[PDB]
Each structure stands twice: as C-alpha cells, then as structure tokens.
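Data first, discussion second: the structure below is written as structure tokens.
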Amino acid sequence: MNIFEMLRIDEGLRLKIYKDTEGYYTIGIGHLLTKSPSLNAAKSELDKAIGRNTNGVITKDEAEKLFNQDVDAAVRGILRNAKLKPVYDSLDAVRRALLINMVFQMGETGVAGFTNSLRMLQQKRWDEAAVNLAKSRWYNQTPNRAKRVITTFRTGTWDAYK
Ligand SMILES: [Cl-]
Ligand SMILES: [Cl-]
C-alpha cells in the first residue's frame with residue numbers, strides 16, 4: 001500500500017470541477033483550485049494549471065499528473081518545515097505516509113499546528129497521540145478519514161486501509 005493508493009482512496013477521482021467538504025472548487029484527486037466562490041476563478045485556475053483551455057474538464061492522465069506534483073510538493077513541504085522534519089524523521093515508513101496524507105489534506109501550516117500531537121508522536125506515544133488527534137475540527141469535520149489515519153498511527157499497519 002502506498003501514499004498514492006492511500007491518498008487516492010481518501011481523495012477519490014473526479015474529472016470535472018467539483019466542490020469539496022468546504023465547498024471549495026476542486027479537481028481530480030484532491031487538487032484544490034481556488035477558495036473563491038466563483039467557478040470562473042476556479043475555471044481560470046485549472047486552465048493555468050493544466051496549461052490549456054479545459055472548460056472545467058481534464059483527463060485522467062492530467063489528473064494523475066497534478067496528483068504527482070501534489071505528492072511531490074507535500075513531501076518537500078514536510079521536508080522544509082522545522083516543526084515537521086523532525087517528526088517525519090523519527091517516524092517509520094507507514095507513519096510517514098500518514099504525515100503526508102494530512103499535509104496533503106490540510107496544509108503544512110495546517111498540520112504544523114498539532115503541536116501536542118506532534119510531540120506525542122515524536123515520543124512514539126501512539127494511544128495518547130491518537131486521543132489528541134481526535135480532538136480536532138478535522139476529526140469532527142471529516143470523521144471517517146481521521147479515523148483511518150488515527151488508527152494507522154496507533155497500529156503502524158495498513159488495516160484501516162485493507
Ligand atoms: Cl499547479
Ligand atoms: Cl470522512
């Protein structure tokens with residue numbers, strides 16, 4: 001199992017602009033376009049991204065393309081952040097994929113705010129860190145997702161995802 005698969009499972013694959021959990025204009029596998037309430041903007045943004053006049057529609061190829069750029073960017077972001085790099089580093093392979101998941105979903109900045117959670121993690125304190133994790137808007141907002149990650153963190157296995 002891997003980040004690409006795991007992520008494609010939480011994100012799904014959409015080929016037409018759509019709105020996400022917050023009503024933001026998105027596309028393909030979790031590729032956020034804009035935070036504006038306007039489609040055009042949104043439309044505008046996809047075109048600039050794919051580099052062509054899409055008219056809010058892309059191919060699977062292209063969707064997987066953004067996904068790569070997106071994954072790649074995420075890892076990199078984690079890698080150049082002083083609150084994550086260390087965490088990342090201390091963690092094992094399965095759990096690293098999890099940091100990635102989260103960053104992906106919420107922004108590096110978003111995730112760098114789980115200070116307490118991040119610490120438990122550093123200390124390799126699974127049960128504690130999972131309890132902490134659950135006390136978030138993130139958790140209350142998109143429950144099923146949180147639960148897979150949180151559970152993966154506690155176990156280190158891809159069960160939740162099997
Ligand atoms: Cl882009
Ligand atoms: Cl969910």
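Following the order of the structure tokens, first chain is A, next is B, and so on, with residues numbered from 1 inside each chain and ligands from 1 in the order they appear.
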
Residues contacting ligand 2 - anything with an atom at most 12 Å away, using only C-alpha atoms and all ligand atoms - can you give me those as a PyMOL selection string?
chain A and resi 9-12+20-21+105+137-149

Tell me, counting only C-alpha atoms and all ligand atoms, for each residue of chain A within 9 Å of ligand 1, which pair of atoms is nearest and how far apart they are in Å to one decimal, in rows ordered by chain and increasing number, as CSV.
```
residue,atom,partner,partner_atom_place_in_ligand_line,distance
A:31,CA,ligand 1,1 (Cl),8.3
A:33,CA,ligand 1,1 (Cl),8.3
A:45,CA,ligand 1,1 (Cl),8.5
A:46,CA,ligand 1,1 (Cl),8.1
A:48,CA,ligand 1,1 (Cl),7.9
A:49,CA,ligand 1,1 (Cl),4.7
A:50,CA,ligand 1,1 (Cl),7.5
A:66,CA,ligand 1,1 (Cl),6.6
A:69,CA,ligand 1,1 (Cl),7.4
A:70,CA,ligand 1,1 (Cl),7.9
```

Restricting it to N, CA and C atoms, dump the selection as an mmCIF file, in the first residue's frame.
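What follows is the written file again_39.cif:
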```cif
data_model
loop_
_atom_site.group_PDB
_atom_site.id
_atom_site.type_symbol
_atom_site.label_atom_id
_atom_site.label_comp_id
_atom_site.auth_asym_id
_atom_site.auth_seq_id
_atom_site.Cartn_x
_atom_site.Cartn_y
_atom_site.Cartn_z
ATOM 1 N N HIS A 31 -7.053 17.814 -6.009
ATOM 2 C CA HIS A 31 -6.392 19.018 -6.480
ATOM 3 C C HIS A 31 -7.243 20.304 -6.283
ATOM 4 N N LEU A 33 -8.417 24.054 -6.381
ATOM 5 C CA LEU A 33 -8.073 25.082 -7.301
ATOM 6 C C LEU A 33 -8.143 26.452 -6.716
ATOM 7 N N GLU A 45 -8.153 29.093 -13.008
ATOM 8 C CA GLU A 45 -7.090 28.349 -12.306
ATOM 9 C C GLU A 45 -6.713 26.961 -12.865
ATOM 10 N N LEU A 46 -7.701 26.158 -13.259
ATOM 11 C CA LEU A 46 -7.460 24.855 -13.881
ATOM 12 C C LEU A 46 -6.732 25.013 -15.222
ATOM 13 N N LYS A 48 -4.790 27.454 -16.220
ATOM 14 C CA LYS A 48 -3.441 27.845 -15.989
ATOM 15 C C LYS A 48 -2.575 26.670 -15.508
ATOM 16 N N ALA A 49 -3.190 25.762 -14.757
ATOM 17 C CA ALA A 49 -2.532 24.598 -14.175
ATOM 18 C C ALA A 49 -2.200 23.440 -15.129
ATOM 19 N N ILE A 50 -3.139 23.174 -16.020
ATOM 20 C CA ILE A 50 -3.051 22.107 -16.985
ATOM 21 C C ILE A 50 -2.343 22.620 -18.198
ATOM 22 N N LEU A 66 -1.316 16.119 -11.730
ATOM 23 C CA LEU A 66 -1.377 17.041 -10.597
ATOM 24 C C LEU A 66 -1.087 16.349 -9.287
ATOM 25 N N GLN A 69 2.585 16.020 -8.629
ATOM 26 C CA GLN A 69 3.111 17.340 -8.338
ATOM 27 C C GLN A 69 2.671 17.702 -6.980
ATOM 28 N N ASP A 70 1.498 17.219 -6.710
ATOM 29 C CA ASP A 70 0.945 17.422 -5.416
ATOM 30 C C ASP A 70 1.620 16.561 -4.347
#
```

Using only C-alpha atoms, which of A:100, A:82, A:94, A:15 sits nearest residue 112 (chain A)?
A:82

Please give the complete set of residues from chain A that DSSP, run on the backbone, assigns to alpha helix (DSSP H), formatted as number ranges by chain.
A: 3-11, 39-50, 60-79, 85-90, 93-106, 108-111, 115-123, 126-134, 137-141, 143-155

Find the residues around residue 47 (chain A) up to 10 Å (only C-alpha atoms counted), leave out those fewer than 5 positions away in its own chain, and share them as JSON, numbers by chain.
{"A": [41, 42, 52, 53, 54, 55, 56, 57, 58]}

With a distance cut-off of 12 Å and only C-alpha atoms, select the neighbouring residues of residue 1 (chain A), excluding the residue or stretch itself and same-chain residues fewer than 2 positions from it, and output the selection as number ranges by chain.
A: 3-9, 93-94, 97-98, 157-162

Neighbours of residue 39 (chain A) within 9 Å (only C-alpha atoms; same-chain residues fewer than 3 positions away dropped), as a PyMOL selection string?
chain A and resi 17+25+34+36+42-44+56

Residues from last step as file, N, CA, C and O atoms, as a compact mmCIF listing (two decimals), in the first residue's frame:
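Here's the written file selection.txt:
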```txt
# COMPACT_ATOMS: atom_id res chain seq x y z
N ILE A 17 -14.63 19.83 -12.47
CA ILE A 17 -14.58 20.61 -11.27
C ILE A 17 -15.76 20.24 -10.33
O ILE A 17 -16.95 20.04 -10.70
N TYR A 25 -13.70 24.86 -4.76
CA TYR A 25 -13.51 24.40 -6.14
C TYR A 25 -12.29 23.45 -6.33
O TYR A 25 -11.11 23.80 -6.22
N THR A 34 -9.26 26.73 -6.12
CA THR A 34 -9.43 28.04 -5.55
C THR A 34 -10.28 28.04 -4.30
O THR A 34 -11.04 27.12 -3.99
N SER A 36 -12.14 30.75 -3.92
CA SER A 36 -13.18 31.68 -4.24
C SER A 36 -14.47 30.96 -4.61
O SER A 36 -14.48 29.80 -5.06
N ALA A 42 -12.20 29.52 -10.50
CA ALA A 42 -11.88 28.14 -10.45
C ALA A 42 -11.48 27.70 -11.84
O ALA A 42 -10.40 27.11 -12.00
N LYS A 43 -12.33 28.00 -12.84
CA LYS A 43 -12.10 27.64 -14.25
C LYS A 43 -10.76 28.16 -14.73
O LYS A 43 -9.92 27.42 -15.25
N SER A 44 -10.57 29.45 -14.47
CA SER A 44 -9.37 30.20 -14.75
C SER A 44 -8.13 29.44 -14.29
O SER A 44 -7.18 29.19 -15.04
N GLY A 56 -13.29 23.43 -17.55
CA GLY A 56 -13.51 22.65 -16.33
C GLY A 56 -13.47 21.14 -16.46
O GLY A 56 -14.06 20.39 -15.67
```

Quick one: pull the distance between CA of residue 154 (chain A) and CA of residue 73 (chain A), Å, one decimal.
26.0 Å

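Proximity of A:68, A:101, A:81, A:151 to residue 126 (chain A), computed with only C-alpha atoms, is greatest for A:151.
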
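Residues of region 15-146 of chain A that DSSP, applied to the backbone, places in strand (DSSP E or B): residues 15, 16, 17, 18, 19, 25, 26, 27, 28, 31, 32, 33, 34 and 57 of chain A.
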
Can I get the selected residues back with C-alpha atoms, as a compact mmCIF listing (two decimals), in the first residue's frame?
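Output saved as part24.txt:
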```txt
# COMPACT_ATOMS: atom_id res chain seq x y z
CA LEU A 15 -12.79 14.73 -13.63
CA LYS A 16 -14.94 17.71 -13.52
CA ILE A 17 -14.58 20.61 -11.27
CA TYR A 18 -16.38 19.88 -8.08
CA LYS A 19 -16.72 21.29 -4.62
CA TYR A 25 -13.51 24.40 -6.14
CA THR A 26 -11.50 21.22 -6.69
CA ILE A 27 -10.49 18.62 -9.24
CA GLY A 28 -9.05 15.18 -9.95
CA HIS A 31 -6.39 19.02 -6.48
CA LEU A 32 -7.77 22.23 -4.88
CA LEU A 33 -8.07 25.08 -7.30
CA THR A 34 -9.43 28.04 -5.55
CA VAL A 57 -12.69 19.22 -17.65
```

Identify which of the residues A:40, A:117, A:109, A:122 lies closest to residue 88 (chain A), counting only C-alpha atoms when measuring atom-to-atom distances.
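Nearest candidate to residue 88 (chain A) out of A:40, A:117, A:109, A:122: A:122.
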
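Neighbouring residues of residue 128 (chain A) at 12 Å or closer, counting only C-alpha atoms and skipping chain neighbours under 2 positions away, are residues 116, 117, 118, 119, 120, 121, 122, 123, 124, 125, 126, 130, 131, 132, 133, 134, 135, 150, 151, 153 and 154 of chain A.
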
Report, in Å to a single decimal, how far apart CA of residue 2 (chain A) and CA of residue 92 (chain A) are.
13.3 Å

Interatomic distance, CA of residue 152 (chain A) to CA of residue 129 (chain A) (Å, one decimal):
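It comes out at 11.6 Å.
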